[PDB]
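Asks: One structure, as structure tokens, below. Some questions next.
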Ligand SMILES: *[C@@H]1O[C@H](CO[C@@H]2O[C@@H](C)[C@@H](O)[C@@H](O)[C@@H]2O)[C@@H](O[C@@H]2O[C@H](CO)[C@@H](O)[C@H](O)[C@H]2NC(C)=O)[C@H](O)[C@H]1NC(C)=O
Ligand SMILES: *[C@@H]1O[C@H](CO[C@@H]2O[C@@H](C)[C@@H](O)[C@@H](O)[C@@H]2O)[C@@H](O[C@@H]2O[C@H](CO)[C@@H](O)[C@H](O)[C@H]2NC(C)=O)[C@H](O)[C@H]1NC(C)=O
Ligand SMILES: *[C@@H]1O[C@H](CO[C@@H]2O[C@@H](C)[C@@H](O)[C@@H](O)[C@@H]2O)[C@@H](O[C@@H]2O[C@H](CO)[C@@H](O)[C@H](O)[C@H]2NC(C)=O)[C@H](O)[C@H]1NC(C)=O
Ligand SMILES: *[C@@H]1O[C@H](CO)[C@@H](O[C@@H]2O[C@H](CO)[C@@H](O)[C@H](O)[C@H]2NC(C)=O)[C@H](O)[C@H]1NC(C)=O
Ligand SMILES: *[C@@H]1O[C@H](CO)[C@@H](O[C@@H]2O[C@H](CO)[C@@H](O)[C@H](O)[C@H]2NC(C)=O)[C@H](O)[C@H]1NC(C)=O
Ligand SMILES: *[C@@H]1O[C@H](CO)[C@@H](O)[C@H](O)[C@H]1NC(C)=O
């Protein structure tokens with residue numbers, strides 16, 4: 014399932033006026049604007065590969090890339106991005122199907138020259170996305196990566215060598231991946261035939277763009293190309324209340340699959356569940372009555388609906404009665420030593436509730452164990468699952484339970500007669516993490532109303548201001564949300 | 001394994017002391033303190049008198065007292081009555097995850 | 001107070017077998033090793049081997065190997081002993097016991113059963 018094949025002076029073609037995208041989401045009508053961004057120069061020399078002899082080299086990623094193709098038959102499917110591309114750092118895959126555009130950010134181990158059979162494993166998959174597919188008619192794409200955000204622009208124009219004329223690329227995707235990218239490679243589909265694609269690199273430049281009456285771009289001049297063009301730039305020619328509005332609340336976060344699980348786990352082999360890319364409603368599991376303990380350290384109970392974190396975890400146990408007091412920062416007592424220990428600078432919450440009606444039996448559960456003998460204390464958030472016999476003497480055990488060779492695993496005895504302090508309490512611990520990456524887990528955002536023909540404040544999606552709102556007749560482009 | 005030996009019989013005067021012995025006990029630093037003594041009356045179940053050579057359990061008067069030295073353990077009784085008419089059994093460790101008992105001593109008092 | 005209770009007498013022949021039960025009440029069953037002792041009618045006690053009611057591991061005297069087997073059942077908290085090579089020199093009285101230290105083995109047998117008389 015891993016084939017190698019390579020049986021092999026690229027040409028150079030002009031890019032007359034190609035690769036001008038929409039810098040931002042603002043609707044400007046009949047204006048001549050000036051911009052300073054990463055653009056592709058005018059009359060450059062783009063590289064023309066026809067990798068099919079067969080060879081798909083790995084190319085650099087200096088600041089961004091402009092990629093164009095003209096093959097009618099669907100041969101080119103997707104791209105792979107990464108730093109080392111060899112099973113030791115995160116990598117990104119955008120292979121798409123006949124009706125899906127699935128995107129995965131995982132720890133891949135790629136082949137020599139992957140083709141559609159590309160990778161061997163996928164260890165830690167930290168992202169996912171599904172939507173409508175991206176793909187003689189020229190198709191052209193622009194890829195940028197800044198501040199942990201991956202940005203994709205694209206366009207499709209029918210033609211009948216790149217044409218001459220002007221076409222502006224509209225925004226298509228913005229992802230908060232967070233990985234570091236410096237090399238990329240394309241991948242083809244083999245059941260074949262010749263396939264040609266064009267590659268060019270972006271540079272920091274300044275442009276002068278022209279917005280016509282309807283908000284579309286129809287012309288632009290590079291401000292370095294000519295002594296004449298430099299002159300064109302200089303001449304610049306060729322309270323009552325407050326309403327808060329916010330998008331709907333859809334992507335609720337899955338807290339029902341942890342607090343309402345059918346069967347929990349032991350304490351010596353506990354469970355971990357990564358939670359990310361969700362909207363967490365922290366005030367639905369506080370205003371309740373089941374929980375008899377909601378002890379929170381590092382934050383305030385009612386300030387969890389205005390904060391955003393990078394990551395959130397969840398740990399689960401079943402313990403007995405008067406041991407929940409040992410789950411706290413700075414405790415001991417044979418369950419904070421050998422089973423589960425909390426760091427000193429904890430930032431989280433601990434929630435425990437009685438479950439005597441589900442984990443007891445007339446004879447006995449005899450299913451929940453705990454560690455009892457160990458050589459050294461546990462480091463914070465460290466799990467041990469082995470069952471080697473604990474040697475308490477000089478003579479080696481040789482794996483036999485005897486004189487000075489204790490069995491370090493004892494079972495809880497549960498039955499519906501013991502008093503409080505011996506009945507099974509289920510425990511869940513929530514931990515928060517924030518480091519170096521864009522924050523995805525966030526609380527809900529409220530919305531008030533819409534009053535028109537009055538002098539009021541407003542907070543449309545974070546654009547605070549004051550004035551009067553009345554219906555108008557202007558027509559924005561679909562992706563423009565600002566005005567101006 | 002090993003084999004512990006103790007005299008078949010002993011006797012004492014009312015008010016005197018007796019020193020029923022034991023020998024052959026495992027003599028090693030790791031496993032030195034493992035000796036016990038039991039008493040049985042005819043047609044009954046035995047009773048615990050001394051464990052962990054000198055530790056004594058509740059319910060037995062301080063007259064019974066154990067000791068150990070070198071390779072041999074020993075029992076010591078005082079204030080003998082007519083009640084101390086029973087058979088005493090030594091007990092010890094015997095190496096390969098196995099414990100062993102002794103022959104037994106009949107303690108006789110005459111009136 | 002802790003109570004141990006054994007079953008009744010049995011009579012067998014040198015081809016038969018025997019099983020002895022031992023019911024424990026008044027304490028926590030799975031926190032104490034249980035030892036087995038025998039006494040011939042007019043001789044000294046003889047040790048047999050032990051059992052761990054938590055795990056189930058056992059160990060025997062090399063003399064008895066091949067003929068004796070020990071088992072437990074925790075739901076009703078009972079321990080069973082099986083012997084299956086009865087001979088002329090196996091008539092005896094059989095006892096239970098109980099260790100003092102909770103999770104450790106040591107022959108400080110404090111509370112005893114009542115004795116089953118097997119007159120083969
Ligand atoms: C944002 O949501 C509003 C209404 O919230 C939900 O909409 C329902 C479809 C349902 O999911 C309920 O849980 C909520 O009421 C959307 O406004 C509605 O849109 C439908 C579509 O035609 C319309 O029939 C309803 O009349 C609208 N609601 C009202 C009160 O008039 C709105 O469309 C959502 N935002 C976007 C961008 O779709
Ligand atoms: C864990 O589950 C409880 C129970 O909800 C029930 O779930 C099913 C078994 C079914 O019986 C439903 O009809 C029950 O609702 C959750 O408590 C519920 O919370 C919702 C919140 O809107 C409330 O409307 C219900 O009345 C509650 N149910 C009861 C019995 O009080 C609880 O919220 C779940 N845990 C989490 C974290 O969501
Ligand atoms: C009963 O236990 C004995 C333990 O013997 C000791 O084992 C080690 C702890 C070490 O201290 C040895 O020097 C001791 O003898 C078991 O005997 C050992 O069993 C295993 C497998 O056979 C192995 O270590 C040795 O071969 C044995 N040692 C001997 C024969 O001296 C014995 O197997 C246990 N019986 C049962 C039924 O489990
Ligand atoms: C194409 O590849 C994708 C990648 O999994 C798959 O698309 C399926 O799409 C449907 C509808 O959204 C869903 O069942 C899943 O998203 C996908 N299927 C599975 C099994 O996950 C599918 O394997 C391929 N075929 C199609 C027609 O999409
Ligand atoms: C700017 O937008 C307006 C409105 O969308 C366009 O006017 C329409 O254009 C279409 C096609 O040219 C006609 O079929 C309609 O009859 C026009 N409507 C009106 C009210 O005139 C206009 O063409 C757009 N301008 C450009 C340059 O595309
Ligand atoms: C660069 O591009 C143009 C193509 O028209 C031309 O100057 C030349 O063929 C290319 N290569 C070099 C080295 O100039």
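Chains as they are written, first to last, in the authors' numbering: chain A, 14 to 21, 25 to 68, 78 to 141, 158 to 176, 187 to 211, 215 to 245, 260 to 306, 322 to 567; chain D, 1 to 111; chain E, 1 to 120. Where is the CB? At the ideal position from N, CA and C, for every residue including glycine.
Of the residues A:562, A:543, A:536 and A:545, which one's Cα is nearest the Cα of residue 555 of chain A?
Replies: As a working note, residue 555 of chain A is residue 472 in the first chain. Nearest of A:562, A:543, A:536 and A:545 to residue 555 of chain A, Cα basis: A:536.
Asks: Measuring from each Cβ to the nearest heavy atom of ligand 4, keep the ones under 5 Å and list them in chain order.
Replies: A:122, A:124, A:125 and A:127
Asks: Check whether the Cβ atoms of residue 518 of chain A and residue 463 of chain A sit closer than 8 Å, and answer yes or no.
Replies: For this step, residue 518 of chain A is matched to residue 435 along the first chain. For this step, residue 463 of chain A is matched to residue 380 along the first chain. Contact: no.
Asks: For residue 72 of chain D and residue 45 of chain E, what's the separation of their Cα atoms in angstroms?
Replies: Here the question's residue 72 of chain D lines up with position 72 in the second chain. Here the question's residue 45 of chain E lines up with position 45 in the third chain. Straight-line Cα distance between these residues: approximately 20 Å.
Asks: Quick one: using the 10 Å Cβ neighbour count with 16 as the cut-off for buried, is residue 72 of chain E buried or exposed?
Replies: The residue you call residue 72 of chain E lines up with position 72 of the third chain. Around the CB of residue 72 of chain E, 16 or more other CB atoms lie within 10 Å, so the residue is classed as buried.
Asks: Per DSSP, what kind of secondary structure is residue 549 of chain A in: helix, strand or coil?
Replies: As a working note, residue 549 of chain A is residue 466 in the first chain. The answer is strand: DSSP assigns residue 549 of chain A an E or B state.
Asks: Which residues bound the beta strand (DSSP E) around residue 379 of chain A?
Replies: Here residue 379 of chain A refers to the residue found at position 296 when the first chain is read from its first residue. Element bounds for residue 379 of chain A: 377-380.
Asks: Using a beta-carbon distance below 8 Å, is residue 30 of chain D in contact with chain A?
Replies: The residue labelled residue 30 of chain D in the question sits at position 30 within the second chain. It does; some Cβ of chain A falls within 8 Å.
Asks: Note down, in chain order, each residue of its chain lying with its Cβ closer than 6 Å to the Cβ of residue 106 of chain D, except the 5 sequence neighbours on either side.
Replies: Here residue 106 of chain D corresponds to residue number 106 of the second chain, with the count starting at 1. Same-chain partners within the cutoff: 9 and 87.
Asks: So with CB distances below 8 Å, who are the chain A contacts of residue 75 of chain E?
Replies: Residue mapping note: residue 75 of chain E aligns to position 75 of the third chain, counting from 1. Within 8 Å Cβ-Cβ: 446 and 447.
Asks: Residues in the same chain with beta-carbon distance under 7 Å from residue 3 of chain E, minus the five sequence neighbours each way, listed in chain order, please.
Replies: Taking the first residue of the third chain as 1, we reach residue 3 of chain E at position 3. Excluding sequence neighbours, residue 3 of chain E sits near 25 and 26.
Asks: Between the alpha carbons of residue 404 of chain A and residue 42 of chain E, how many angstroms are there, rounded?
Replies: By one-based count along the first chain, residue 404 of chain A stands at place 321. By one-based count along the third chain, residue 42 of chain E stands at place 42. Computed Cα separation, rounded: 52 Å.
Asks: In terms of residues, what are the limits of the alpha helix (DSSP H) holding residue 298 of chain A?
Replies: On the first chain, residue 298 of chain A is found 230 positions in, with the first residue counted as 1. That run of the alpha helix (DSSP H) goes 295-303.
Asks: Please report the distance separating the alpha-carbon of residue 439 of chain A from that of residue 340 of chain A.
Replies: Along the first chain, one-based indexing puts residue 439 of chain A at 356. Along the first chain, one-based indexing puts residue 340 of chain A at 257. A direct Cα-Cα distance of roughly 20 Å separates residue 439 of chain A from residue 340 of chain A.
Asks: Scan the segment 322-367 of chain A and note each continuous alpha helix (DSSP H) run of 4 residues or more that stays entirely inside, going in chain order.
Replies: 339-342
Asks: Exposed or buried, what is residue 61 of chain D when buried is set at 16 or more other beta-carbons lying within 10 Å of its beta-carbon?
Replies: Looking up residue 61 of chain D in the second chain gives position 61. By the 10 Å Cβ count, residue 61 of chain D comes out exposed.
Asks: When you check each C-beta in the segment 454-475 of chain A against every C-beta of chain D, which residues fall closer than 9 Å?
Replies: So the list is empty, because no residue satisfies the distance condition.
Asks: With 16 as the cutoff for other CB atoms within 10 Å, does residue 454 of chain A come out buried or exposed?
Replies: To locate residue 454 of chain A, count along the first chain from 1; it is residue 371. Residue 454 of chain A is buried by the Cβ-count criterion.
Asks: Cβ of residue 567 of chain A within 8 Å of Cβ of residue 44 of chain A?
Replies: Your numbering for residue 567 of chain A matches position 484 in the first chain. Your numbering for residue 44 of chain A matches position 28 in the first chain. In contact: residue 567 of chain A and residue 44 of chain A (Cβ atoms closer than 8 Å).
Asks: Using a Cβ-Cβ cutoff of 9 Å, what residues of the segment 49-62 of chain E are near chain D? List them in chain order.
Replies: 49, 50, 59, 60, 61 and 62
Asks: Would you say residue 25 of chain E faces chain D, with C-beta separation under 8 Å as the test?
Replies: Along the third chain, read from residue 1 onward, the residue named residue 25 of chain E stands at position 25. No, because no Cβ of chain D sits closer than 8 Å to the Cβ of residue 25 of chain E.
Asks: Contact defined as beta carbons within less than 8 Å: I believe residue 351 of chain A pairs with residue 388 of chain A. What is the distance between those atoms, to the nearest angstrom?
Replies: Taking the first chain and counting its residues from 1, the one referred to as residue 351 of chain A is at position 268. Taking the first chain and counting its residues from 1, the one referred to as residue 388 of chain A is at position 305. Not confirmed; about 35 Å, so no contact.
Asks: What do you reckon, are the CB atoms on residue 36 of chain A and residue 59 of chain A nearer than 8 Å?
Replies: For this step, residue 36 of chain A is matched to residue 20 along the first chain. For this step, residue 59 of chain A is matched to residue 43 along the first chain. No, Cβ-Cβ distance for residue 36 of chain A and residue 59 of chain A is not below 8 Å.
Asks: State buried or exposed for residue 282 of chain A, treating a residue as buried only when at least 16 other CB atoms are found within 10 Å of its CB.
Replies: One-based indexing of the first chain puts residue 282 of chain A at position 214. With fewer than 16 Cβ atoms within 10 Å of its Cβ, residue 282 of chain A is classed as exposed.
Asks: Go through its chain and collect everything with a Cβ distance to residue 195 of chain A's Cβ below 7 Å, but skip five positions before and after it.
Replies: The residue labelled residue 195 of chain A in the question sits at position 144 within the first chain. Excluding residues within five positions, the ones whose Cβ falls inside 7 Å are 54, 89 and 202.
Asks: My parser needs the beta strand (DSSP E) runs of 3 or more residues fully inside the segment 91-121 of chain A; what are they?
Replies: 101-107 and 116-118
Asks: Does chain D have any CB closer than 8 Å to the CB of residue 485 of chain A?
Replies: Numbered from 1 along the first chain, position 402 holds the residue referred to as residue 485 of chain A. Output row for residue 485 of chain A: interface = yes.
Asks: When DSSP labels each residue in this structure, what does residue 412 of chain A get in the three-state scheme?
Replies: Residue mapping note: residue 412 of chain A aligns to position 329 of the first chain, counting from 1. Looking at residue 412 of chain A - three-state DSSP - the assignment turns out to be coil, as it is neither helix nor strand.
Asks: How is residue 507 of chain A classed by DSSP in three states: helix, strand or coil?
Replies: As a working note, residue 507 of chain A is residue 424 in the first chain. Strand, per DSSP.
Asks: If you count every other CB in all the chains shown that lies within 10 Å of the CB of residue 66 of chain A, and 16 or more means buried, which is it?
Replies: Against the first chain, residue 66 of chain A aligns to sequence position 50. The residue is exposed, with fewer than 16 neighbouring Cβ atoms inside 10 Å.
Asks: Is the closest heavy atom of ligand 2 to the C-beta of residue 342 of chain A under 7 Å?
Replies: By 1-based counting over the first chain, the position of residue 342 of chain A is 259. Under cutoff, so the answer is yes.
Asks: For chain E, is any of its Cβ atoms less than 8 Å away from the one on residue 80 of chain D?
Replies: As a first step, residue 80 of chain D is located in the second chain; it is residue number 80 there, counting from the start. No, its Cβ sits nowhere closer than 8 Å to a Cβ of chain E.
Asks: Under a three-way DSSP split, which group does residue 10 of chain E fall into?
Replies: Here residue 10 of chain E refers to the residue found at position 10 of the third chain. Strand at residue 10 of chain E.
Asks: Which residues, in order along the segment 34-49 of chain D, keep a beta-carbon less than 9 Å from a beta-carbon of chain E?
Replies: If the cut-off is 9 Å between Cβ atoms, the segment 34-49 of chain D has 34, 36, 38, 40, 45, 46, 47 and 48 near chain E.
Asks: Quick check: what's the CA-CA separation for residue 413 of chain A versus residue 468 of chain A?
Replies: The residue labelled residue 413 of chain A in the question sits at position 330 within the first chain. The residue labelled residue 468 of chain A in the question sits at position 385 within the first chain. Their Cα atoms are separated by approximately 24 Å.
Asks: For residue 367 of chain A, verify whether its CB is less than 7 Å away from any heavy atom of ligand 2.
Replies: For the purposes of this step, residue 367 of chain A is identified with residue 284 of the first chain, where counting begins at 1. Yes.
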